[PDB]
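A.B. asks: The structure file query-v4.txt (compact mmCIF, N, CA, C and O atoms) is provided below.
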```
# COMPACT_ATOMS: atom_id res chain seq x y z
N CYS A 1 0.84 -1.22 0.00
CA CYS A 1 0.00 0.00 0.00
C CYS A 1 0.87 1.26 0.00
O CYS A 1 2.05 1.21 0.36
N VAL A 2 0.27 2.38 -0.41
CA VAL A 2 0.97 3.67 -0.46
C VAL A 2 0.24 4.67 0.43
O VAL A 2 -0.56 5.50 -0.04
N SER A 3 0.51 4.57 1.74
CA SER A 3 -0.10 5.44 2.76
C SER A 3 0.29 6.92 2.58
O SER A 3 -0.57 7.80 2.68
N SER A 4 1.58 7.17 2.32
CA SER A 4 2.08 8.53 2.13
C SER A 4 3.07 8.61 0.97
O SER A 4 3.79 7.64 0.70
N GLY A 5 3.09 9.76 0.30
CA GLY A 5 3.98 9.97 -0.83
C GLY A 5 3.22 10.29 -2.11
O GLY A 5 2.21 10.99 -2.07
N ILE A 6 3.71 9.76 -3.23
CA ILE A 6 3.07 9.98 -4.54
C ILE A 6 2.23 8.77 -4.93
O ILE A 6 2.57 7.63 -4.59
N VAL A 7 1.14 9.03 -5.65
CA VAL A 7 0.25 7.97 -6.12
C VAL A 7 -0.29 8.30 -7.51
O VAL A 7 -0.68 9.44 -7.78
N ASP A 8 -0.29 7.30 -8.37
CA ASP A 8 -0.81 7.44 -9.74
C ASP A 8 -2.22 6.87 -9.81
O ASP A 8 -2.81 6.73 -10.89
N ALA A 9 -2.76 6.56 -8.62
CA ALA A 9 -4.10 5.98 -8.48
C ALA A 9 -4.85 6.58 -7.27
O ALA A 9 -4.53 7.69 -6.83
N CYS A 10 -5.84 5.83 -6.76
CA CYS A 10 -6.67 6.25 -5.62
C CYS A 10 -7.23 5.02 -4.91
O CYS A 10 -7.31 4.99 -3.68
N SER A 11 -7.61 4.01 -5.70
CA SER A 11 -8.14 2.74 -5.19
C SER A 11 -7.01 1.83 -4.70
O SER A 11 -7.24 0.89 -3.94
N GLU A 12 -5.78 2.14 -5.15
CA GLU A 12 -4.58 1.38 -4.76
C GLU A 12 -3.96 1.97 -3.49
O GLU A 12 -3.33 1.25 -2.72
N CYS A 13 -4.16 3.29 -3.29
CA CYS A 13 -3.64 3.99 -2.10
C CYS A 13 -4.43 3.58 -0.85
O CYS A 13 -5.53 3.04 -0.96
N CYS A 14 -3.85 3.84 0.33
CA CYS A 14 -4.49 3.50 1.61
C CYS A 14 -5.61 4.50 1.98
O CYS A 14 -6.21 4.41 3.05
N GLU A 15 -5.88 5.43 1.05
CA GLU A 15 -6.92 6.45 1.23
C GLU A 15 -8.26 5.99 0.63
O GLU A 15 -8.44 6.05 -0.59
N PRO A 16 -9.23 5.49 1.47
CA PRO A 16 -10.54 5.03 0.97
C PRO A 16 -11.50 6.19 0.63
O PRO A 16 -11.94 6.93 1.52
N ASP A 17 -11.79 6.34 -0.68
CA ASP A 17 -12.71 7.38 -1.21
C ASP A 17 -12.27 8.83 -0.87
O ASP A 17 -13.03 9.78 -1.09
N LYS A 18 -11.04 8.99 -0.35
CA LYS A 18 -10.52 10.31 0.01
C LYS A 18 -9.07 10.48 -0.49
O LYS A 18 -8.11 10.30 0.26
N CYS A 19 -8.95 10.81 -1.78
CA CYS A 19 -7.64 11.02 -2.41
C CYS A 19 -7.47 12.48 -2.83
O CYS A 19 -8.45 13.18 -3.09
N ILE A 20 -6.21 12.93 -2.89
CA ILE A 20 -5.89 14.30 -3.29
C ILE A 20 -5.44 14.31 -4.75
O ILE A 20 -4.93 13.31 -5.26
N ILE A 21 -5.63 15.46 -5.42
CA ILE A 21 -5.28 15.62 -6.84
C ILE A 21 -3.84 16.14 -6.99
O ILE A 21 -3.23 16.61 -6.02
N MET A 22 -3.32 16.05 -8.23
CA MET A 22 -1.95 16.50 -8.59
C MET A 22 -1.66 17.92 -8.10
O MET A 22 -2.38 18.87 -8.45
N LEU A 23 -0.59 18.06 -7.29
CA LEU A 23 -0.20 19.36 -6.74
C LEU A 23 1.31 19.45 -6.40
O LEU A 23 1.97 20.39 -6.86
N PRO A 24 1.91 18.49 -5.61
CA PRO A 24 3.33 18.57 -5.22
C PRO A 24 4.31 18.38 -6.39
O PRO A 24 3.90 18.04 -7.50
N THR A 25 5.61 18.62 -6.10
CA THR A 25 6.73 18.50 -7.08
C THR A 25 6.50 19.34 -8.35
O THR A 25 5.41 19.88 -8.56
N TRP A 26 7.55 19.45 -9.19
CA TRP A 26 7.47 20.22 -10.46
C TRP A 26 6.36 19.69 -11.39
O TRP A 26 5.58 20.50 -11.90
N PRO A 27 6.24 18.34 -11.63
CA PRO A 27 5.18 17.78 -12.49
C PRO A 27 3.88 17.51 -11.70
O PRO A 27 3.92 17.51 -10.47
N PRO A 28 2.72 17.28 -12.38
CA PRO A 28 1.44 17.00 -11.68
C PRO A 28 1.38 15.58 -11.12
O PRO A 28 1.42 14.59 -11.87
N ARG A 29 1.31 15.48 -9.78
CA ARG A 29 1.26 14.18 -9.09
C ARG A 29 0.33 14.23 -7.87
O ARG A 29 0.29 15.23 -7.15
N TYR A 30 -0.41 13.13 -7.65
CA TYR A 30 -1.36 13.01 -6.53
C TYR A 30 -0.63 12.89 -5.18
O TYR A 30 0.60 12.73 -5.16
N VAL A 31 -1.37 12.96 -4.07
CA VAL A 31 -0.77 12.85 -2.73
C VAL A 31 -1.63 12.00 -1.80
O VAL A 31 -2.86 12.03 -1.86
N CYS A 32 -0.95 11.24 -0.94
CA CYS A 32 -1.59 10.38 0.05
C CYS A 32 -1.03 10.69 1.43
O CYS A 32 0.19 10.76 1.60
N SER A 33 -1.92 10.90 2.41
CA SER A 33 -1.49 11.22 3.78
C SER A 33 -2.10 10.27 4.82
O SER A 33 -2.07 10.54 6.02
N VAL A 34 -2.62 9.16 4.33
CA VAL A 34 -3.25 8.14 5.18
C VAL A 34 -2.63 6.77 4.89
O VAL A 34 -1.97 6.21 5.79
```
Please re-express this file's structure in structure tokens.

C.D. replies:
Amino acid sequence: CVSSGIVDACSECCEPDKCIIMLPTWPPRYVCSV
């Protein structure tokens, strides 16, 4: 699982129905904090 860091998905991350959109780093990438 990908609790924290970058994610190219949402259903694969440890975030159930609560994912963030592309914002961090120079290129567009999602974020997980759970």

A.B. asks: At a cut-off of 4.5 Å, using all atoms listed in the file, what residues contact region 18-34 of chain A? Leave out same-chain residues fewer than 5 positions from it and give the result as a list in words.

C.D. replies: residues 3, 4, 5, 6 and 7 of chain A

A.B. asks: Identify, on the basis of only N, CA, C and O atoms, every residue whose closest approach to residue 1 (chain A) does not exceed 6 Å; exclude the query and any residue fewer than 4 positions from it along the same chain; express the result as a ChimeraX atom specification.

C.D. replies: /A:12-14

A.B. asks: Tell me, which residues of region 1-30 of chain A carry DSSP strand (DSSP E or B), written as a PyMOL selection string?

C.D. replies: chain A and resi 4-7+20+30

A.B. asks: What's the separation between atom C of residue 2 (chain A) and atom O of residue 17 (chain A), in Å to one decimal place?

C.D. replies: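 Taking atom C of residue 2 (chain A) and atom O of residue 17 (chain A), their separation equals 14.3 Å.
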